[PDB]
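A short reminder: the numbers here are calculations on the coordinates, not readings from a lab. Ideal geometry is used to build each Cβ from the backbone, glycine not excepted, and the neighbour counts take in all protein chains shown.
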Amino acid sequence: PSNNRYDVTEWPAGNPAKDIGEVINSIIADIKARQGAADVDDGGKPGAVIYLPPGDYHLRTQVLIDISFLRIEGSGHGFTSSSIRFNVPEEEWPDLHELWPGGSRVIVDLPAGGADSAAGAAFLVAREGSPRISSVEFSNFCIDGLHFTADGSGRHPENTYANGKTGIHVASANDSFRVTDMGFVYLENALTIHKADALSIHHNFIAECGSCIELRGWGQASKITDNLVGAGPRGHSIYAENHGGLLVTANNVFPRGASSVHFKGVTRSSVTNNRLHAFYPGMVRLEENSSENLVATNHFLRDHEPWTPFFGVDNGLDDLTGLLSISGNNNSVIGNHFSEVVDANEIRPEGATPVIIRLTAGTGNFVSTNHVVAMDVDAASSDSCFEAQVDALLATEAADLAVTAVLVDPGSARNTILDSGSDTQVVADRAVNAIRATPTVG
Amino acid sequence: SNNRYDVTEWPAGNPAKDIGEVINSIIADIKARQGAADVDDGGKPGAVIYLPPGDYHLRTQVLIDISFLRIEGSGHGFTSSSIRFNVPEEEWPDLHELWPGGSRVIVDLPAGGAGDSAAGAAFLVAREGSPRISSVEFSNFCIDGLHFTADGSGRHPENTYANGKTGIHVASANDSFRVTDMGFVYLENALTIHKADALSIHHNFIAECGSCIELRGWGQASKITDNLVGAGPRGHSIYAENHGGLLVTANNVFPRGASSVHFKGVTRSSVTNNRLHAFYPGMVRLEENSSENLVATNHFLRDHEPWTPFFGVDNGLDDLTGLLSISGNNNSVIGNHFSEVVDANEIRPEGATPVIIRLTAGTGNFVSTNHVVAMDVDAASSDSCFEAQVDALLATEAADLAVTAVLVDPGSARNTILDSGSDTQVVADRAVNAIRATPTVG
Amino acid sequence: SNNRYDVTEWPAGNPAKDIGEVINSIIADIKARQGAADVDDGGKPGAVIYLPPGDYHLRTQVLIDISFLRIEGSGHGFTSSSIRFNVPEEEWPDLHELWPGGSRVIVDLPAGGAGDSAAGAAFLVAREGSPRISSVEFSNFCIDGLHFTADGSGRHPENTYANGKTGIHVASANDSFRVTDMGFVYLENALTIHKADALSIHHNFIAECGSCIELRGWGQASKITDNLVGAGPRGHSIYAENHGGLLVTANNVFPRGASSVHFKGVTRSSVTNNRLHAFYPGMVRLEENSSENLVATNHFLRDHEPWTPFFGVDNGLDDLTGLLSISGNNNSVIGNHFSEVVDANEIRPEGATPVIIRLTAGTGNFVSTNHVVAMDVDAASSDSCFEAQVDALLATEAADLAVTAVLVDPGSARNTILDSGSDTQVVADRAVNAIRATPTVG
Ligand SMILES: OC[C@H]1O[C@@]2(CO[C@]3(CO)O[C@H](CO)[C@@H](O)[C@@H]3O2)[C@@H](O)[C@@H]1O
Ligand SMILES: OC[C@H]1O[C@@]2(CO[C@]3(CO)O[C@H](CO)[C@@H](O)[C@@H]3O2)[C@@H](O)[C@@H]1O
Ligand SMILES: OC[C@H]1O[C@@]2(CO[C@]3(CO)O[C@H](CO)[C@@H](O)[C@@H]3O2)[C@@H](O)[C@@H]1O
């Protein structure tokens, strides 16, 4: 209508329970048809808002967004742990108050994306030419990939993090986009945004997805703030490639992504003031000439998976990789806390000492004022999920455990390492690196 | 039917008389319409209940016992009832307004009795069995407890921070809850959440409540971000117990709580990048084996109350307590700024050297690169509230004051203390602690 | 009425022609209906005014003089008018769109007078007497000043950053105000707030405005969080005067303000965890006795404008000014990263050594653990804006550059400077300051 407000439950000849995709595409076509003029009275393509009330909507056709200033919003992120529910024995399902996620819920009933993943996306944002598509907003709704499927391993289907489905895929260059207050669940990829400028991914709940946030191709001046993020052992929690000026702060990143923050070729960016929890090494990775980044005042925790269905599932990386791994130049690693809480039996390779910060290549890295705390605890598992997670998080009964605080590989040199471990805990060629050991008691 | 309600558009009850009866009725209708858990891959998506701006009296506790329920308004509606009530009653006809506004829930309940304080809660979220109640959302409305009452403290009744009333009380284990954009005023307890997993308390205005945010029992992976917080002298600003992986960041905490942030049993969490202003000692307390927490890049200011009605009111603690007090192991205290701005005469006990960081118990704590700044100022009093608060904040005309930057009690040992004060400013056994004094001039 | 208004459903006037007349008409209707302040514990709860997506010319200033008024939209609606206005005019018909959109207020007010810029403000919040106007809210709409105009500078009219228009001007003392999710574009001033208490400016997109955020007169306990900010070269990005307890964090500030953050007489405030990018020196300025401030874990990038229309334009300041410049007492500068990426041939004065941190006046400042990285690069020009910006942000093809990491002027003394540069990099009197050089290997 003329005021550009739409409700998917109030669309003529549209049934959002059967196919919300069709309904939203139909609304998009109506907006285009009504907003054909670009320069009438200094305006004419102001866009529109499409509202989703709380409800269970099945999406069977991909939504194509190719207009600037489109807001899609609901009234609930609607998360519940489908992982937990699928691992509760089936005979107990009748006793459960509810089984599925809710809120303003888009169920992605698309076939898988193979041979690229874009075709498995609920929402695809694509438009080439000039200007770059701008200020699209997604807010406060839920995107549910429903089931994970078998992939060839022995594992249960619902625990593979594989289904070919994506929540939102932005394929073209974009400016001033927003994703806020969303729920994403049970999607192989929650949110993939290519070629992003001044994007804000703020205050979402992105969990039980193979991969959560992926910033691809390149980008600039973006920020990932205030999110709650949990990915899968073969995927990324927060990933970026070729970004400049990215700010990653105030996220609570919990397991079980392969990593917490993964950068390839990321420069002049900040990963600061996050809480990072992982069950595997390689929590924060600065790869392929990631340079001039600040990694500051983050809380790193690495311990063992305490929940039986994923005990013995891992990211294929050994404890020599590091919690923080750097390949590149002129980074600053300041004021971080590292808690390494592992069973001395569970260490790989056999009889190795864990590495916390590892510099594999590059020059001029500044590492200063980082506190490393290490503890030996035996790795219990039980079937009761949140009970086991909270019991393991709060457990402080331990021997001490030896760790390498900072390892500088010979392929990295001219680094500066200050108060980030005792002389023992810093493994580095002193002739080509400035080292100041943390003073010990004596 | 599309799961969207408006309290001013419901047949039963009257939102102005009893908004609680109206909301409970809506919840009954949601339960009556959403009776099945597995029809076409959903069936309990929840709902949204809207509070237009208005003055709504609540006489019946609202019981929330469904997942995916959102309650939202169009206004946080704060004004300082505290100021208003300390303006002579004679002048109240002269004021543009007297009460809070916005989407306002006026809590007219009787006091939280001899059974429990949960019965004083405007909103009680509780459900037992499985799964945990999930993704309930509270957004952009006001909860006003209207008056404080005499509690046997002899201060004017409106200044007691006592009425047995709670804003939102969550009694059961919960997952993915959200409290955003809210206003809480004149409640003995604004927000008390038991047993929270992955909670977010984001961008709220929680002021002039006896206690503001309390995370009780236990929890994991939650976050308290971007909030404006002001509590009362016997209560908590931000409190948490047996939490693992909590992130408290980007909050502006102003007086006059007993504390700014108070932890009991909290592990592997982060209190980073907050602004903290207190009128008393014990601003940040890590108690009862609170271990492996990062306390980083916060700004602490502790000065004297300038407002006459609370001039002589305090938290009962003496200047030897600390601005930051730690009882626990392996914590990291890094990059914090401490401004101590007191009258030297009023220092308690008399002639004491005020303590700033105090390590009362535990081992392995890392205290590095903290800037202490201490000042002696004449403590003024005034009835013109915000005038006197701003003046006090801006006044630096002052003499330099001797303080103990870090005090390690004999019961704490093997701590590391770098660049957080001179040798005189650090009181500690050097034989069992590693101390490097901030380098001196020259 | 339930205090909910829609500007496209109002009987008088035309929001496409004059949204200001419509909104003022709604405001008068609120005041007429809410005449009493103490009827049933309430009476003036305020209201919400909703702007659907659309193009709305404003010709009459809106005057807001009631508490608890919320003005909300469904789109921040940013597009780069700057890019578009530097596309040849004859090509404009073939662009997908030209203008900003979303919920768009176009400010068609004639330029603000010499005496006061409040008269060029689209929204003016102003009311004297007691109490202070409280809890006004601006959310998720777009304010567009449309054109920049010729100002004598000889630059193209659309690149001058001058038109005497303001988005939102608050003249009067205020409490608990909130400005969230907005889009501001093409205004000489985006947001000016006098005398702010407990203000939150959160998650806004404030770009291509002469000045973006200015907190004037005085203020306290306020915060500026999670904003994307780009100003003009004669203006401020974030500015504050006579504030105490200001928290500035998690903002991604891009060019091209005269500065990123500028304080005058600001005390006991925190400028922490921001990503700051400038094309000019003088990025962060603490002036006129800015004391007891924390400036921590920011990422500073300074480089050369790469977009042709502004390639020769600067803020008037030379490379001896410093990226961070301090005039005041007892500040803390901890854990920041500075990238200085400039052409040796374009340094001014000729063959000067660029300064990174400058202490011009005051005593007791603590500077610790700052990583300075400096590079000789030739950022060339391109006519294609977002292309030039990404290329320059990711280029490290770069020989090394000598810089002064910390300069202490003789008018400042008794500072402490640790691990913030080598002995060559610290230009300061060793007799009167405490200096620990960053260890080097040599
Ligand atoms: O912080 C725990 C949060 O994570 C849960 C709890 O359990 C899960 C089960 O798959 O395991 C991982 C954490 O170990 C999470 O990715 C995932 O989802 C949310 O149910 C819960 O909100
Ligand atoms: O920082 C100012 C904020 O504090 C006020 C100002 O006055 C109060 C008591 O009425 O003093 C305390 C601060 O010292 C606050 O808890 C409280 O509320 C808000 O009016 C205001 O939002
Ligand atoms: O990339 C960040 C922002 O940059 C733009 C495009 O670039 C501009 C053009 O005038 O130049 C400055 C940055 O160098 C920004 O103030 C401005 O606005 C937004 O289009 C973009 O959102």
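For C:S290, what charge total do you get from the other residues with a beta carbon under 12 Å from its beta carbon, if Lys and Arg give +1 and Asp and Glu give -1? Net of charged neighbours comes to -1. Along chain B, the longest continuous region that contains none of the GluC sites (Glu not before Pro) in a DSSP loop with at most 13 other C-beta atoms within 10 Å is B:129-345. Across chain B, Cα pairs under 8 Å and at least six residues apart give a relative contact order of 8 percent. Binned at 20 Å from 0, what are the whole-percent values of the Cα-Cα distance distribution for the protein assembly as shown, short to long? Taking every Cα pair in the protein assembly as shown, the percentages come to 11, 44, 38, 7, 0.
Once the dipole of chain C is set up with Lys and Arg at +1 and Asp and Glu at -1 on Cβ about the Cα centre, which of C:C209, C:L359, C:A37 lies farthest towards its positive end? Positive-end residue among those listed: C:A37. Here the simple spin-label model places points 7 Å from the Cα toward Cβ, and for C:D116 and B:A118 these points are separated by 5.6 nm.
Ordered by the count of other Cβ atoms within 10 Å of each Cβ, fewest first, A:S332, A:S117, B:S412 give A:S117, B:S412, A:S332. With a cut-off of 10 Å between beta carbons, the residues surrounding A:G230 carry a summed charge of 0, where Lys and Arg count +1 and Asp and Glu -1.
By the Cα gyration tensor, chain C has an equivalent ellipsoid whose semi-axes, rounded to whole angstrom, run 42, 27, 16 from largest to smallest. Exposure proxy for A:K223, C:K195: other Cβ atoms within 10 Å of each Cβ, ordered fewest to most, give C:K195, A:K223.
Computed from the C-beta positions of B:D318 and A:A395 and an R0 of 30 Å, the FRET efficiency is 0.30 to the nearest 0.05. Here the label points at B:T363 and B:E387, each 7 Å from Cα along the C-beta direction, are separated by 5.8 nm in the simple model.
The long axis of helix C:385-394 is offset from the longest Cα principal axis of chain C by roughly 40 degrees.
If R0 equals 51 Å, the separation of the Cβ atoms of B:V39 and C:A37 corresponds to a calculated FRET efficiency of about 0.50.
Cross-link pairs exceeding 31 Å between alpha carbons, from the set B:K223/C:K31; B:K31/C:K31; A:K45/B:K44; A:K165/A:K264; A:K165/A:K223; B:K44/C:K44: B:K223/C:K31; B:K31/C:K31; A:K45/B:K44; B:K44/C:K44.
Relative to the dominant Cα principal axis of chain B, helix B:15-33 is inclined by about 70°. The residues packed around C:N329, meaning those with a beta-carbon under 13 Å from its beta-carbon, carry a net charge of -3 if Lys and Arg are +1 and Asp and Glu are -1. For the protein assembly as shown, the Cβ-based charge dipole about the Cα centre amounts to some 340 debye (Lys, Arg positive; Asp, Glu negative; other atoms uncharged).
Stokes-Einstein diffusion for region B:323-442, with the hydrodynamic radius set to the Kirkwood value over Cα pairs and evaluated at 25 °C in a medium of 0.890 mPa s, equals 158 µm²/s. Across the options C:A431, A:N251, A:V284, the greatest Cα extent toward the positive end of the charge dipole of the protein assembly as shown (unit charges at beta carbon of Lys, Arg, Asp, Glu) belongs to C:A431. Put a plus charge on the Cβ of each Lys and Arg, a minus charge on the Cβ of each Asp and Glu, and nothing anywhere else: the dipole of chain A about its Cα centre is then about 1580 debye.
Translational diffusion of region A:93-169 was estimated from the Stokes-Einstein equation, with Rh taken as the Kirkwood radius over Cα pairs; at 25 °C and 0.890 mPa s the coefficient is 164 µm²/s. With r defined as the distance between the Cβ atoms of B:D423 and B:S130 and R0 fixed at 56 Å, what FRET efficiency is calculated, to the nearest 0.05? So the FRET efficiency works out to roughly 0.45. The calculated 222 nm mean residue ellipticity attributable to helices in chain B amounts to -2500 deg cm²/dmol, summing -39500 (n - 2.57) over DSSP H runs of n ≥ 4 and dividing by all residues. Rounded to the nearest 500, the 222 nm mean residue ellipticity of chain A from helices alone is -2500 deg cm²/dmol, with -39,500 (n - 2.57) taken per DSSP H run of at least 4 residues.
Shown for B:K165, B:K264, B:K17: other C-beta atoms within 10 Å of each C-beta, ranked fewest to most, produce the order B:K17, B:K264, B:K165. Dipole check for region B:350-434: with +1 at the C-beta of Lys and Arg, -1 at the C-beta of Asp and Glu, and the Cα centre as origin, the magnitude is about 700 Debye. Using the Cα gyration tensor of chain A, with a ≥ b ≥ c the square roots of its eigenvalues, what is the shape: rounded (a/c below 1.5), prolate (a/b larger than b/c) or oblate (neither)? Oblate, because a/c is 1.5 or more while a/b does not exceed b/c.
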